[PDB]
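Enquirer: Handing you a structure now.
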Amino acid sequence: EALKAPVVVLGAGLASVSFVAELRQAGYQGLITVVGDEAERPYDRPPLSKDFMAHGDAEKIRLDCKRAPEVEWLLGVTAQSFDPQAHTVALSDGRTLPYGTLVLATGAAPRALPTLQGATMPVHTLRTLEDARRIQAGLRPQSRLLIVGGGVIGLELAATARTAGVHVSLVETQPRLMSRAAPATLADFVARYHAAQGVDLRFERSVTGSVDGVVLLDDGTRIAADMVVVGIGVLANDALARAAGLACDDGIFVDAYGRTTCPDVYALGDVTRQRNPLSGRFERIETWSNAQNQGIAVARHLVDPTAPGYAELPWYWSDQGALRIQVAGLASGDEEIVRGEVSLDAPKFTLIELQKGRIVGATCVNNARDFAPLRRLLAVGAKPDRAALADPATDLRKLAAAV
Ligand SMILES: Cc1cc2nc3c(=O)[nH]c(=O)nc-3n(C[C@H](O)[C@H](O)[C@H](O)COP(=O)(O)OP(=O)(O)OC[C@H]3O[C@@H](n4cnc5c(N)ncnc54)[C@H](O)[C@@H]3O)c2cc1C
């Protein structure tokens with residue numbers, strides 16, 4: 001009923017690939033056409049601040065489009081507009097695509113820093129393979145890099161650059177790192193780790209401008225750098241949706257079926273503003289797991305309307321040198337339980353966030369084994385014995401089973 005052929009998807013990132021693979025796997029055999037503005041074989045972004053930044057082989061980061069047979073991928077083509085009455089999409093190459101169902105999977109773009117508009121020194125953001133190549137081409141040993149923003153991507157780049165023998169300074173407007181999506185205990189530990197690896201961290205500082213290779217701060221001081229990478233967050237790529245009259249606010253509003261306010265138009269991944277089931281509030285979720293899992297859920301329900309809506313709880317990971325960080329659910333509740341010691345000597349620990357005895361979030365540092373059972377406990381809103389949660393004798397995989 002809702003799934004009308006032909007299917008057109010705008011964007012060829014993870015959300016798009018995951019969606020079209022699930023359409024095919026679920027048994028939809030109609031036309032699928034995907035429009036991607038990047039002239040690149042679809043690829044995954046997490047490597048760009050990690051192993052790619054370090055080793056430079058793009059053929060290790062391509063998405064597997066095997067589970068998406070009989071898809072026409074229009075790469076290097078921009079969707080300029082769509083007409084939701086005519087059920088058409090206008091492309092940059094002069095062609096028009098008809099659709100029965102239109103899927104907006106256009107992701108998000110790094111926010112520019114207004115105070116570095118008209119900088120006369122290298123200022124980059126890190127989103128694309130082209131961005132990663134341009135940054136890597138300036139990552140010379142004993143270079144000076146300034147990162148603006150203490151989000152996970154800036155910190156992943158900081159670790160990669162330090163490992164490469166690059167001097168790194170980092171300016172954060174907040175009093176802590178990872179203010180978006182991380183428990184304070186984690187953010188404090190992570191700052192201690194980066195400081196110990198030689199990152200020059202500047203907290204509660206904002207950039208006010210730049211002059212001849214030097215960045216100016218709002219404490220009236222200067223940081224000289226060979227290169228600036230700005231990581232102050234992203235803005236949804238929701239321009240086509242806004243122009244066509246869909247409900248958007250830095251992100252296209254969708255329900256759990258991926259429906260926008262425009263009939264026959266859906267949206268998925270980083271472009272969307274959606275319900276976080278743990279907070280009960282709408283948020284733009286900026287994670288790999290959301291892009292994949294939302295794309296799959298929306299495709300499954302299009303093919304099989306008896307399937308449930310998207311229901312997965314949020315989580316991400318970050319690889320920052322010696323720290324393999326995993327974070328699920330909410331950053332805080334009324335209670336944090338710490339398993340293990342929080343120590344720079346062989347870091348290994350777990351945080352559990354509870355709200356009235358109920359697990360609402362969890363963090364693992366170098367403890368992948370405990371993250372899977374904690375996500376299962378989170379998913380059913382488990383209320384375990386807080387003494388047991390704290391006790392390192394406790395086996396979390398066992399608790400997961402018991403419930
Ligand atoms: C450097 C980096 C590291 C990351 N590391 C992690 C990590 O460790 N863990 C984690 O959970 N998440 C991580 N993420 C986040 C994760 O990669 C994103 O959540 C994910 O890429 C979102 O996928 P998407 O398909 O919704 O959007 P995107 O990947 O942005 O894909 C959308 C595509 O649509 C294109 N597009 C936009 N407008 C148009 C148009 N008009 N016409 C055609 N094409 C268009 C875009 O240019 C883009 O190619 C990282 C992201 C980056 C950039």
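Each chain in the structure tokens gets a letter, A, B and so on, in the order shown; residues start at 1 in every chain, and ligands are counted from 1 in the order they appear.
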Report as a ChimeraX atom specification all protein, DNA and RNA residues lying within 8 Å of stretch 146-148 of chain A, evaluated on only C-alpha atoms, omitting residues in the same chain fewer than 4 positions from it.

Expert: /A:154,158,168-172,207,223,225,227-232

Enquirer: Go ahead and save the picked residues with N, CA, C and O atoms, as a PDB file, in the first residue's frame.

Expert:
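Result saved to again35.pdb:
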```pdb
ATOM      1  N   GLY A 154      36.883  14.939  16.584  1.00  0.00           N
ATOM      2  CA  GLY A 154      38.055  15.773  16.847  1.00  0.00           C
ATOM      3  C   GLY A 154      39.066  15.010  17.700  1.00  0.00           C
ATOM      4  O   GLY A 154      40.249  15.094  17.438  1.00  0.00           O
ATOM      5  N   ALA A 158      42.707  13.756  16.896  1.00  0.00           N
ATOM      6  CA  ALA A 158      43.794  14.172  17.793  1.00  0.00           C
ATOM      7  C   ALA A 158      44.708  12.971  18.059  1.00  0.00           C
ATOM      8  O   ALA A 158      45.934  13.113  17.960  1.00  0.00           O
ATOM      9  N   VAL A 168      49.427  18.617  18.613  1.00  0.00           N
ATOM     10  CA  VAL A 168      47.980  18.864  18.585  1.00  0.00           C
ATOM     11  C   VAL A 168      47.559  19.767  19.742  1.00  0.00           C
ATOM     12  O   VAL A 168      47.839  19.446  20.922  1.00  0.00           O
ATOM     13  N   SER A 169      46.880  20.866  19.401  1.00  0.00           N
ATOM     14  CA  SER A 169      46.134  21.687  20.360  1.00  0.00           C
ATOM     15  C   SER A 169      44.637  21.554  20.057  1.00  0.00           C
ATOM     16  O   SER A 169      44.265  21.299  18.889  1.00  0.00           O
ATOM     17  N   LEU A 170      43.810  21.670  21.094  1.00  0.00           N
ATOM     18  CA  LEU A 170      42.372  21.479  20.931  1.00  0.00           C
ATOM     19  C   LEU A 170      41.646  22.489  21.820  1.00  0.00           C
ATOM     20  O   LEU A 170      41.936  22.565  23.041  1.00  0.00           O
ATOM     21  N   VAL A 171      40.728  23.250  21.200  1.00  0.00           N
ATOM     22  CA  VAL A 171      39.939  24.317  21.843  1.00  0.00           C
ATOM     23  C   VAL A 171      38.494  23.837  21.983  1.00  0.00           C
ATOM     24  O   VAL A 171      37.912  23.489  20.952  1.00  0.00           O
ATOM     25  N   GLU A 172      37.949  23.806  23.211  1.00  0.00           N
ATOM     26  CA  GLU A 172      36.565  23.371  23.496  1.00  0.00           C
ATOM     27  C   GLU A 172      35.855  24.496  24.259  1.00  0.00           C
ATOM     28  O   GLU A 172      36.397  24.956  25.259  1.00  0.00           O
ATOM     29  N   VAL A 207      37.011  30.414  19.529  1.00  0.00           N
ATOM     30  CA  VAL A 207      37.777  31.120  18.495  1.00  0.00           C
ATOM     31  C   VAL A 207      37.083  32.433  18.116  1.00  0.00           C
ATOM     32  O   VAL A 207      35.874  32.413  17.824  1.00  0.00           O
ATOM     33  N   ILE A 223      46.963  30.923  19.250  1.00  0.00           N
ATOM     34  CA  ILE A 223      47.538  29.600  18.981  1.00  0.00           C
ATOM     35  C   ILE A 223      47.994  29.586  17.534  1.00  0.00           C
ATOM     36  O   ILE A 223      47.145  29.692  16.645  1.00  0.00           O
ATOM     37  N   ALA A 225      49.182  27.622  14.266  1.00  0.00           N
ATOM     38  CA  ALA A 225      48.997  26.273  13.733  1.00  0.00           C
ATOM     39  C   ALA A 225      49.297  26.272  12.236  1.00  0.00           C
ATOM     40  O   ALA A 225      49.139  27.321  11.604  1.00  0.00           O
ATOM     41  N   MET A 227      47.620  24.111  10.411  1.00  0.00           N
ATOM     42  CA  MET A 227      46.320  23.643   9.922  1.00  0.00           C
ATOM     43  C   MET A 227      45.310  23.686  11.065  1.00  0.00           C
ATOM     44  O   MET A 227      45.681  23.339  12.204  1.00  0.00           O
ATOM     45  N   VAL A 228      44.062  24.039  10.720  1.00  0.00           N
ATOM     46  CA  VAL A 228      42.918  24.004  11.638  1.00  0.00           C
ATOM     47  C   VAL A 228      41.938  22.975  11.095  1.00  0.00           C
ATOM     48  O   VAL A 228      41.670  22.986   9.884  1.00  0.00           O
ATOM     49  N   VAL A 229      41.460  22.091  11.967  1.00  0.00           N
ATOM     50  CA  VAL A 229      40.325  21.225  11.623  1.00  0.00           C
ATOM     51  C   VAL A 229      39.179  21.575  12.569  1.00  0.00           C
ATOM     52  O   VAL A 229      39.370  21.544  13.803  1.00  0.00           O
ATOM     53  N   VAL A 230      38.040  21.971  11.996  1.00  0.00           N
ATOM     54  CA  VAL A 230      36.876  22.411  12.773  1.00  0.00           C
ATOM     55  C   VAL A 230      35.937  21.228  12.989  1.00  0.00           C
ATOM     56  O   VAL A 230      35.483  20.669  12.005  1.00  0.00           O
ATOM     57  N   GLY A 231      35.653  20.870  14.243  1.00  0.00           N
ATOM     58  CA  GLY A 231      34.751  19.771  14.565  1.00  0.00           C
ATOM     59  C   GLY A 231      33.728  20.193  15.613  1.00  0.00           C
ATOM     60  O   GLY A 231      33.704  19.591  16.691  1.00  0.00           O
ATOM     61  N   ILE A 232      32.912  21.202  15.291  1.00  0.00           N
ATOM     62  CA  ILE A 232      31.947  21.750  16.241  1.00  0.00           C
ATOM     63  C   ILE A 232      30.560  21.133  16.026  1.00  0.00           C
ATOM     64  O   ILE A 232      29.583  21.655  16.571  1.00  0.00           O
TER      65      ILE A 232
END
```

Enquirer: I want to know what sits within 10 Å of residue A:26, based on only C-alpha atoms, with residues of the same chain fewer than 2 positions away left out; could you give that as a ChimeraX atom specification?

Expert: /A:20-24,28-29,296,299-304

Enquirer: Can you list, as a PyMOL selection string, every protein, DNA or RNA residue that comes within 7 Å of residue A:108 when you count only C-alpha atoms, leaving out same-chain residues fewer than 6 positions away?

Expert: chain A and resi 234-237+270-271

Enquirer: Give the residue list for ligand 1 at 7 Å, counting only C-alpha atoms and all ligand atoms, as a VMD selection string, sorted by chain and then by residue number.

Expert: chain A and resid 10 to 16 35 to 38 44 to 49 77 to 80 105 to 109 126 to 128 153 237 240 268 to 271 286 to 291 315 to 319

Enquirer: Would you please work out which residue, of A:87, A:202, A:180, A:242, is nearest to residue A:330 when using only C-alpha atoms?

Expert: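 Closest residue, counting only C-alpha atoms: A:180.
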
Enquirer: Under the rule that only C-alpha atoms are counted, which of A:280, A:362, A:369, A:343 is the nearest residue to residue A:188?

Expert: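 Ranked by minimum distance to residue A:188, first place goes to A:343.
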
Enquirer: Just asking: which residues within stretch 78-199 of chain A are strand (DSSP E) according to DSSP, as a ChimeraX atom specification?

Expert: /A:79-83,88-91,96-98,101-104,108-110,123-124,144-148,167-172

Enquirer: Save the residues we just selected, N, CA, C and O atoms, as a compact mmCIF listing (two decimals), in the first residue's frame?

Expert:
```txt
# COMPACT_ATOMS: atom_id res chain seq x y z
N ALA A 79 20.81 15.72 -6.42
CA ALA A 79 19.39 16.03 -6.46
C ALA A 79 19.22 17.50 -6.09
O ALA A 79 19.66 17.90 -5.01
N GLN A 80 18.62 18.29 -6.99
CA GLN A 80 18.50 19.74 -6.82
C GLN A 80 17.15 20.09 -6.17
O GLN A 80 17.08 21.09 -5.46
N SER A 81 16.10 19.33 -6.46
CA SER A 81 14.76 19.59 -5.93
C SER A 81 13.91 18.34 -6.12
O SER A 81 14.27 17.47 -6.93
N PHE A 82 12.77 18.25 -5.45
CA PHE A 82 11.77 17.27 -5.83
C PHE A 82 10.41 17.96 -5.81
O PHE A 82 10.24 18.92 -5.05
N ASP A 83 9.50 17.44 -6.63
CA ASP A 83 8.13 17.95 -6.74
C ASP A 83 7.20 16.88 -6.20
O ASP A 83 7.00 15.86 -6.85
N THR A 88 8.35 13.66 -8.86
CA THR A 88 9.61 13.71 -9.63
C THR A 88 10.74 14.33 -8.81
O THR A 88 10.47 15.09 -7.87
N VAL A 89 11.98 14.01 -9.19
CA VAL A 89 13.22 14.57 -8.64
C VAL A 89 14.02 15.14 -9.81
O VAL A 89 14.22 14.44 -10.81
N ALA A 90 14.46 16.39 -9.67
CA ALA A 90 15.32 17.07 -10.64
C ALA A 90 16.79 16.84 -10.28
O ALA A 90 17.18 17.16 -9.15
N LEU A 91 17.61 16.36 -11.23
CA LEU A 91 19.03 16.08 -10.99
C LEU A 91 19.91 17.15 -11.65
O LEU A 91 19.52 17.71 -12.67
N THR A 96 15.43 13.88 -14.95
CA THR A 96 14.36 13.83 -13.96
C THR A 96 14.06 12.37 -13.65
O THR A 96 13.99 11.57 -14.58
N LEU A 97 13.89 12.02 -12.37
CA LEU A 97 13.49 10.67 -11.96
C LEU A 97 12.06 10.72 -11.46
O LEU A 97 11.73 11.56 -10.61
N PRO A 98 11.21 9.80 -11.92
CA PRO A 98 9.89 9.61 -11.33
C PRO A 98 10.06 8.77 -10.06
O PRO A 98 10.97 7.95 -9.99
N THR A 101 7.83 6.09 -4.32
CA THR A 101 8.29 6.33 -2.95
C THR A 101 9.66 7.02 -2.98
O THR A 101 10.56 6.51 -3.65
N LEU A 102 9.80 8.17 -2.30
CA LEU A 102 11.05 8.94 -2.24
C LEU A 102 11.62 8.82 -0.84
O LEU A 102 10.85 8.95 0.14
N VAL A 103 12.92 8.57 -0.74
CA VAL A 103 13.58 8.35 0.55
C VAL A 103 14.76 9.32 0.65
O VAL A 103 15.65 9.28 -0.23
N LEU A 104 14.71 10.20 1.66
CA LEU A 104 15.70 11.26 1.84
C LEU A 104 16.73 10.74 2.85
O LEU A 104 16.38 10.59 4.04
N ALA A 108 24.33 14.75 6.89
CA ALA A 108 24.60 16.01 7.57
C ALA A 108 25.98 16.49 7.13
O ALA A 108 26.78 15.66 6.66
N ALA A 109 26.23 17.80 7.23
CA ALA A 109 27.48 18.42 6.82
C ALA A 109 28.09 19.12 8.02
O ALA A 109 27.36 19.66 8.85
N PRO A 110 29.43 19.16 8.16
CA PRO A 110 30.06 19.88 9.26
C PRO A 110 29.62 21.34 9.30
O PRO A 110 29.50 21.98 8.25
N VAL A 123 42.03 25.62 6.70
CA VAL A 123 40.94 25.33 7.64
C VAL A 123 40.05 24.29 6.97
O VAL A 123 39.50 24.57 5.89
N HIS A 124 39.97 23.11 7.56
CA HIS A 124 39.26 21.96 6.99
C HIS A 124 38.20 21.48 7.97
O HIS A 124 38.31 21.69 9.18
N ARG A 144 51.97 21.49 13.32
CA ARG A 144 51.10 21.93 14.40
C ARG A 144 49.66 21.94 13.88
O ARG A 144 49.34 22.69 12.93
N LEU A 145 48.81 21.12 14.50
CA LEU A 145 47.38 21.04 14.19
C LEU A 145 46.58 21.63 15.35
O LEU A 145 46.86 21.27 16.51
N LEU A 146 45.63 22.53 15.04
CA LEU A 146 44.64 22.99 16.01
C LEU A 146 43.29 22.36 15.63
O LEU A 146 42.86 22.52 14.49
N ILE A 147 42.65 21.69 16.58
CA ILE A 147 41.29 21.16 16.42
C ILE A 147 40.34 22.05 17.21
O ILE A 147 40.61 22.30 18.41
N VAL A 148 39.25 22.52 16.57
CA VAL A 148 38.20 23.28 17.24
C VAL A 148 37.01 22.36 17.48
O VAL A 148 36.35 21.95 16.52
N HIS A 167 52.04 17.70 16.44
CA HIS A 167 51.70 18.45 17.65
C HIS A 167 50.22 18.85 17.56
O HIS A 167 49.80 19.31 16.49
N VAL A 168 49.43 18.62 18.61
CA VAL A 168 47.98 18.86 18.58
C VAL A 168 47.56 19.77 19.74
O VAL A 168 47.84 19.45 20.92
N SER A 169 46.88 20.87 19.40
CA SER A 169 46.13 21.69 20.36
C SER A 169 44.64 21.55 20.06
O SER A 169 44.27 21.30 18.89
N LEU A 170 43.81 21.67 21.09
CA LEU A 170 42.37 21.48 20.93
C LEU A 170 41.65 22.49 21.82
O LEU A 170 41.94 22.56 23.04
N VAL A 171 40.73 23.25 21.20
CA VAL A 171 39.94 24.32 21.84
C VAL A 171 38.49 23.84 21.98
O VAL A 171 37.91 23.49 20.95
N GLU A 172 37.95 23.81 23.21
CA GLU A 172 36.57 23.37 23.50
C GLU A 172 35.85 24.50 24.26
O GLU A 172 36.40 24.96 25.26
```

Enquirer: Run DSSP on the backbone and grab whatever in stretch 181-379 of chain A lands in alpha helix (DSSP H); send it over as a ChimeraX atom specification.

Expert: /A:184-196,239-244,288-303,368-379

Enquirer: Keeping only C-alpha atoms, write the selected residues to a file as an mmCIF file, in the first residue's frame.

Expert:
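Saved to again-v1.cif:
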```
data_model
loop_
_atom_site.group_PDB
_atom_site.id
_atom_site.type_symbol
_atom_site.label_atom_id
_atom_site.label_comp_id
_atom_site.auth_asym_id
_atom_site.auth_seq_id
_atom_site.Cartn_x
_atom_site.Cartn_y
_atom_site.Cartn_z
ATOM 1 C CA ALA A 184 30.953 13.336 32.739
ATOM 2 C CA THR A 185 33.051 10.520 34.349
ATOM 3 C CA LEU A 186 34.042 9.342 30.839
ATOM 4 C CA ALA A 187 34.687 12.896 29.506
ATOM 5 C CA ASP A 188 36.959 13.681 32.543
ATOM 6 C CA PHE A 189 38.932 10.411 32.019
ATOM 7 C CA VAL A 190 39.273 11.042 28.260
ATOM 8 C CA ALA A 191 40.688 14.562 28.884
ATOM 9 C CA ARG A 192 43.263 13.043 31.314
ATOM 10 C CA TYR A 193 44.226 10.463 28.612
ATOM 11 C CA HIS A 194 44.667 13.004 25.766
ATOM 12 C CA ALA A 195 46.619 15.420 28.055
ATOM 13 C CA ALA A 196 48.942 12.480 29.005
ATOM 14 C CA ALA A 239 17.495 21.760 2.039
ATOM 15 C CA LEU A 240 15.380 19.731 -0.468
ATOM 16 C CA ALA A 241 12.879 18.796 2.259
ATOM 17 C CA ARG A 242 12.559 22.445 3.424
ATOM 18 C CA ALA A 243 12.061 23.702 -0.167
ATOM 19 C CA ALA A 244 9.368 21.046 -0.825
ATOM 20 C CA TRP A 288 26.554 4.741 12.535
ATOM 21 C CA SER A 289 24.162 2.357 14.336
ATOM 22 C CA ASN A 290 21.194 4.716 13.775
ATOM 23 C CA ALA A 291 21.976 5.103 10.047
ATOM 24 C CA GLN A 292 22.131 1.308 9.573
ATOM 25 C CA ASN A 293 19.360 0.243 11.981
ATOM 26 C CA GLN A 294 16.859 3.033 11.032
ATOM 27 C CA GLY A 295 17.457 2.345 7.339
ATOM 28 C CA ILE A 296 16.759 -1.377 7.869
ATOM 29 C CA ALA A 297 13.651 -0.789 10.076
ATOM 30 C CA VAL A 298 12.071 1.683 7.608
ATOM 31 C CA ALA A 299 12.727 -0.651 4.620
ATOM 32 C CA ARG A 300 11.339 -3.690 6.499
ATOM 33 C CA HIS A 301 8.052 -1.894 7.387
ATOM 34 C CA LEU A 302 7.670 -0.530 3.811
ATOM 35 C CA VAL A 303 7.800 -4.126 2.463
ATOM 36 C CA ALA A 368 33.718 -4.960 24.639
ATOM 37 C CA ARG A 369 32.696 -8.177 26.444
ATOM 38 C CA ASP A 370 30.472 -6.255 28.945
ATOM 39 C CA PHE A 371 28.891 -3.825 26.389
ATOM 40 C CA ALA A 372 26.668 -6.417 24.599
ATOM 41 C CA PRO A 373 24.961 -7.671 27.829
ATOM 42 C CA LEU A 374 24.591 -4.058 29.128
ATOM 43 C CA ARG A 375 22.788 -3.076 25.860
ATOM 44 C CA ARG A 376 20.373 -6.047 26.356
ATOM 45 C CA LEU A 377 19.727 -4.929 29.981
ATOM 46 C CA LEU A 378 19.173 -1.313 28.742
ATOM 47 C CA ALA A 379 16.763 -2.534 25.971
#
```
